[PDB]
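What follows is a set of notes on a single structure, which appears directly below.
Every heavy atom of this structure was used, including side-chain atoms; hydrogens, water molecules and symmetry mates were not. Just follow the structure's listing: the first ligand is 1, and inside any ligand the first atom is 1. FYI, the numbering just counts along the sequence from 1.
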Amino acid sequence: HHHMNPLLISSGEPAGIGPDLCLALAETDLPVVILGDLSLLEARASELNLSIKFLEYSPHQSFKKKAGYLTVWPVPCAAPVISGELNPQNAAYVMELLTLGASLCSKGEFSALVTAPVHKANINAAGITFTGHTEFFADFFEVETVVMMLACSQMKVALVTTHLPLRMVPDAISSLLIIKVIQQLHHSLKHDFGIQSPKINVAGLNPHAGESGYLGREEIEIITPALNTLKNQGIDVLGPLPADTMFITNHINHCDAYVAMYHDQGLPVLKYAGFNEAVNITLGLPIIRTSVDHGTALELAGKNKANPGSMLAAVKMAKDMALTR
Ligand SMILES: NC(=O)c1ccc[n+]([C@@H]2O[C@H](COP(=O)([O-])OP(=O)(O)OC[C@H]3O[C@@H](n4cnc5c(N)ncnc54)[C@H](O)[C@@H]3O)[C@@H](O)[C@H]2O)c1
Ligand SMILES: [Zn+2]
């Protein structure tokens, strides 16, 4: 073909805003193909009073996207969808979108995967153990270390640990894990974001980075040794820093990415600064995968209230990465 192979969009939890966000792509010229139930997409468009012409995907049709059309790779829900109403019978459908999306991108049929939001509890309620797309894709591709990084114009925040109960965070953090996470972060910033010598600022685990060992020992026993190892590999880390002020910039503390030890240590600030522009990108897979930075927003499904800014940013980032692959 002439144009790039299209981006594949998993439409996510069907009762949530994922379908709505995919329908918002119909008015763009972004080269996207939607994985989802075609009847669902048509019915959601009707509920939203949108006039969209749907095409079924074919590899023998043009990769150039035209406004007003939406190309779909149909995957059938087990049961018809009611907006805002979770149905555990459709959890396997969601997992099929993830599995088919990973597989089709792995084979090069599509140039990148973008994920609309999924409802984790609904998947688990159906009997499918699931902590997030990030771990699902790591397992699918048999990659030991992947990194969740949220990115916006204000900042990039990578996580050492992702979806864990807070009780499990300290035991999950080892020096080796920090090293492997930051090695992947450094590699991606240099090779995929064009940052020649990344500067990475790293939070401590404990308040005030453990208060010189008086408020937890993990900085002394785990984090600082890991950062020393990374420095001696030539990776320009600074830390451990207190998370409550690390995100405040000054004339000298500039960095290319922050590392937070756990989910709620880093994501609240990032989403406060850039919720409607930020992208969740998974580092370390053999495919490009980006994501919205928000959840299913079930109460907004079918209501024309959700902001498509994160989805649009996620598609554009995936496109930019695919063009520079
Ligand atoms: N990438 C993903 O698949 C992903 C990411 C985050 C959360 N989730 C899942 O989503 C479900 C809901 O969790 P939550 O309630 O913590 O997250 P959420 O983002 O669904 O809701 C948080 C708040 O943000 C609002 N919101 C979310 N997206 C919005 C948008 N595009 N425009 C306007 N307002 C928006 C919601 O109305 C709500 O007030 C959970 O199952 C969670 O695991 C999935
Ligand atoms: Zn989360």
Side-chain angles (χ1 to χ4, degrees), residues 9-25 35-36 44 48 83-88 90-91 93-99 101-102 112-126 128-138 140 146-152 157-166 168-169 172 260-283 285 288-315 317-318:
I9 319 300
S10 163
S11 65
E13 164 54 46
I17 58 169
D20 307 43
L21 294 172
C22 293
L23 297 172
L25 301 174
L35 280 173
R44 188 66 54 84
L48 295 170
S83 302
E85 174 77 40
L86 288 173
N87 182 352
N90 284 331
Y93 155 85
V94 172
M95 296 309 300
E96 193 69 30
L97 306 183
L98 271 46
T99 304
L113 184 63
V114 186
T115 59
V118 303
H119 197 278
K120 300 181 185 63
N122 187 239
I123 294 162
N124 285 279
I128 304 167
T129 293
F130 180 79
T131 55
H133 290 95
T134 302
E135 293 71 39
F136 173 86
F137 293 136
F140 182 95
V146 302
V147 178
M148 169 186 303
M149 183 180 76
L150 272 68
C152 59
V157 176
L159 300 179
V160 176
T161 66
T162 62
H163 290 114
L164 290 177
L166 197 78
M168 296 181 64
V169 166
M261 289 291 142
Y262 58 95
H263 184 282
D264 285 354
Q265 194 188 46
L267 302 193
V269 163
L270 184 142
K271 293 190 187 188
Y272 185 82
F275 188 56
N276 297 306
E277 76 163 284
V279 177
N280 164 13
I281 180 169
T282 302
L283 313 178
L285 302 174
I288 298 159
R289 178 259 170 160
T290 63
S291 181
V292 294
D293 75 335
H294 60 72
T296 47
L298 288 161
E299 70 290 341
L300 302 187
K303 305 292 188 195
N304 270 323
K305 285 309 201 298
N307 191 314
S310 180
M311 173 61 82
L312 287 164
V315 174
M317 181 175 297

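Around the Zn ion (ligand 2), the protein atoms of type N, O or S that sit closer than 2.8 Å are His163 NE2, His263 NE2.
Contacts between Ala306 and ligand 1, counted as non-hydrogen atom pairs separated by less than 4.0 Å, involve both the backbone and the side chain. Contact annotation for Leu300 and ligand 1: only side-chain heavy atoms (C-beta onward) come within less than 4.0 Å of the ligand.
With ligand atoms numbered from 1 in the order given, ligand 1 contributes 11 (C), 41 (O) to contacts under 4.0 Å with heavy atoms of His119. Here is the list of ligand 1 atoms found below 4.0 Å of a heavy atom in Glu299: 36 (C), 37 (O). Atoms of ligand 1 found under 4.0 Å from any heavy atom of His133, numbered from 1 in the order shown, are 3 (O). Taking a cut-off of under 4.0 Å to the non-hydrogen atoms of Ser291, the atoms of ligand 1 that pass are 1 (N).
For atom 33 (C) of ligand 1, the closest non-hydrogen atom of the protein is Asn307 N, 3.7 Å. Taking atom 9 (C) of ligand 1 as the reference point, the nearest protein heavy-atom neighbour is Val118 O, 3.2 Å. Looking only at heavy atoms of the protein, atom 24 (O) of ligand 1 is closest to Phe275 CZ, 3.9 Å. In this structure, atom 19 (O) of ligand 1 lies nearest to the protein heavy atom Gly295 N, 2.8 Å.
For atom 13 (O) of ligand 1, the nearest protein heavy atom lies 4.0 Å or farther away. For atom 39 (O) of ligand 1, the nearest protein heavy atom lies 4.0 Å or farther away. For atom 6 (C) of ligand 1, the nearest protein heavy atom is under 4.0 Å away.
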Side chain to side chain contact (heavy atoms under 4.5 Å, CB included) evaluation trace for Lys305 with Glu299
CA-CA 10 Å; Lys305 285 309 201 298; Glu299 70 290 341; over 6 Å; no
Quick one, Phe136 with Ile123, criterion side chain to side chain contact (heavy atoms under 4.5 Å, CB included). Give me CA distance, side-chain angles, the key distance, then yes/no.
CA-CA 12 Å; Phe136 173 86; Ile123 294 162; over 6 Å; no
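Here the options are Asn276, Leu300, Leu312, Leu21, the test is side-chain contact (heavy atoms from CB on, under 4.5 Å), and the partner is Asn307; only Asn276 passes.
Looking at heavy atoms from C-beta onward, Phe137 lies in side-chain contact with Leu113 at the 4.5 angstrom threshold. In this structure the side chain of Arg289 reaches within 4.5 angstrom of the side chain of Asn280, judged on heavy atoms.
Between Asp293 and ligand 1, a contact under 3.5 Å exists for no N or O pair. Considering both main-chain and side-chain atoms, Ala297 comes within under 3.5 Å of ligand 1 through a nitrogen or oxygen pair. Where the criterion is an N or O separation shorter than 3.5 Å, residue side chain and backbone included, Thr296 meets it with respect to ligand 1. Looking at ligand 1, you won't find any N or O of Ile17 less than 3.5 Å from one of its N or O atoms. For the pair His294 and ligand 1, the shortest N or O to N or O distance falls below 3.5 Å.
Here the side chain of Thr290 pairs no donor or acceptor atom with the backbone of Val114 at under 3.5 angstrom. Of the possible donor and acceptor atoms, none in the side chain of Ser11 sits under 3.5 Å from a partner among the backbone N and O of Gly18. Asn304 contributes a side-chain N or O that, together with a main-chain N or O of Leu48, makes up a donor-acceptor pair within less than 3.5 Å. Formation of a donor-acceptor pair under 3.5 Å by the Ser310 side chain with backbone atoms of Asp293 is found in this model.
Comparing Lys120, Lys305, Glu13 by heavy-atom distance to atom 43 (O) of ligand 1, the nearest is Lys120.
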